[PDB]
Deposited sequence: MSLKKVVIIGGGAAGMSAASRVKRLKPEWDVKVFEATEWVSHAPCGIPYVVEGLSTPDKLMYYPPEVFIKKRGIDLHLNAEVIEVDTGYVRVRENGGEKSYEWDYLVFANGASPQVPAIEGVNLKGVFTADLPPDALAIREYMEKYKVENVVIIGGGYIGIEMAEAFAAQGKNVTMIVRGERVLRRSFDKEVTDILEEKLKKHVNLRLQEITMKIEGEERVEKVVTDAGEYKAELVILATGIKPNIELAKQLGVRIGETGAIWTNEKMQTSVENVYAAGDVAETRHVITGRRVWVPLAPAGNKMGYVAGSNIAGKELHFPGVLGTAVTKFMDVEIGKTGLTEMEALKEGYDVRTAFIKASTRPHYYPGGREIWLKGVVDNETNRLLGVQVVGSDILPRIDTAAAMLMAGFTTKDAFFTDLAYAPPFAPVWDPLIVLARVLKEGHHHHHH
């Protein structure tokens, strides 16, 4: 039999879904509609997937969808539909945010655009509004180009809601030495003639010939609300372990979807590509008739500013307390190598533990050589490891790799004894 499967996405989740259902059902007609020029060369045609780029979906209803591609407007039939249209920038409500000066760090075109622009009309000073992940990277990006950079965050510190203050402090310390960090400020508007000229906030004004808004992202749910799909308390599309929505045969994965936290169990929205990919993977499995449950996410994340790396996995102390846990914590400094081997950098680990179960609730790591600590910790968290379980986990050691007591085991010892 045939079965028409239609995917409104094209990004990480859309294509993972597409590929899984195609490989499981070669005889089925799987299509992907990307409202854009990007994916992940349409090699996919050979893969057996009918990709349509710059094909925008403008109406959807049960069994069908209407897309406008190449001026034309055609409508397609579907048995199984998958919402995989990710998230989009959320523009702030400040005066004039559309002048030739402003740019948002999103789709690769902007990367071509924004960059090209600068590498044209000479741009010296550049201001970034946002103390989030995106903000920080763009900051690093520009400083590296020698351009003077200035960050504006309304909160008391950057990454204000993603990490606790003790991890952030190490980052801010380094950050302040390459970018002009302006906290507690609220932008109030941004004047100029044909191009952005100056940015003004309730504390001062700043020279600016390029501006980046890293003020936020929102799930692209409009098309789904049209199908009457239930959207979660988080603002993203409600979903179950199979990536199923409240409407029959309608799945949703990636940045549009709201998933569940593996630790707290409540619903969350963690728009990160690794999970998105798997979300699309199980959506496609279930569509093709093979049961597969997605456990949920840990909220794992990582980024960096120049050489100081920062990462988390699991609950933060803010989150853990917010959730009503009785927690004990620990914050330790350690080294990336034995204190003799050359190249040993510094590494800081924050640990949050459930005092009642001695269960590790979350770990935050900043400094150097973070990836090993957070990935191991994520596995531990995924398994419900206690402070004791982590201490006795047989991790690797060699002078060029790490110290006899891995920074993760140290934190564990310190939590256990507390």
{"query": "Chain regions without C-alpha coordinates, deposited sequence numbering", "finding": "1, 42-65, 444-449"}
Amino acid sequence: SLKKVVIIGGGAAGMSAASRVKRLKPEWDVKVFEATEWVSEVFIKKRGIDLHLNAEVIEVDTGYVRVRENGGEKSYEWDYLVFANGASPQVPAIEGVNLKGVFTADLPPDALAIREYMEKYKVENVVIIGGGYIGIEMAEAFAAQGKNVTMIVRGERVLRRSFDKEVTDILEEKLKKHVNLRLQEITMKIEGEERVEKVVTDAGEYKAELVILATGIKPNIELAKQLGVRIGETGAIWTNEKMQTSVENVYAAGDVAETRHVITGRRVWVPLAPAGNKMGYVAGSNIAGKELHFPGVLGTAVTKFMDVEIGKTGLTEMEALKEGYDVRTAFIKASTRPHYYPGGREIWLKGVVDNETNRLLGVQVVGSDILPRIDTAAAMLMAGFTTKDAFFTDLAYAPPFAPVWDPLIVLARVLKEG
From here on, numbers count along this sequence of modelled residues.
property	result
Higher-scoring stretch by recorded Cα B factor average, 374-382 or 52-60	52-60
Between the two ranges 235-243 and 335-343, the one averaging a larger CA B factor in the entry	335-343
Out of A253, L223, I128, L321, highest CA B-factor residue	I128
Candidate set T201, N249, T259, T329 [ranked by C-alpha B-factor, highest]	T201
Third assignment of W38 from its chain's C-alpha B-factors	highest
Chain third (lowest, middle, highest) by recorded CA B-factor, residue given as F294	lowest
Modelled-residue ranking by C-alpha temperature factor, third containing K388	lowest
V167 - Cα temperature factor, lowest/middle/highest third of chain	middle
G192 - which third its CA temperature factor falls in, relative to the rest of the chain	highest
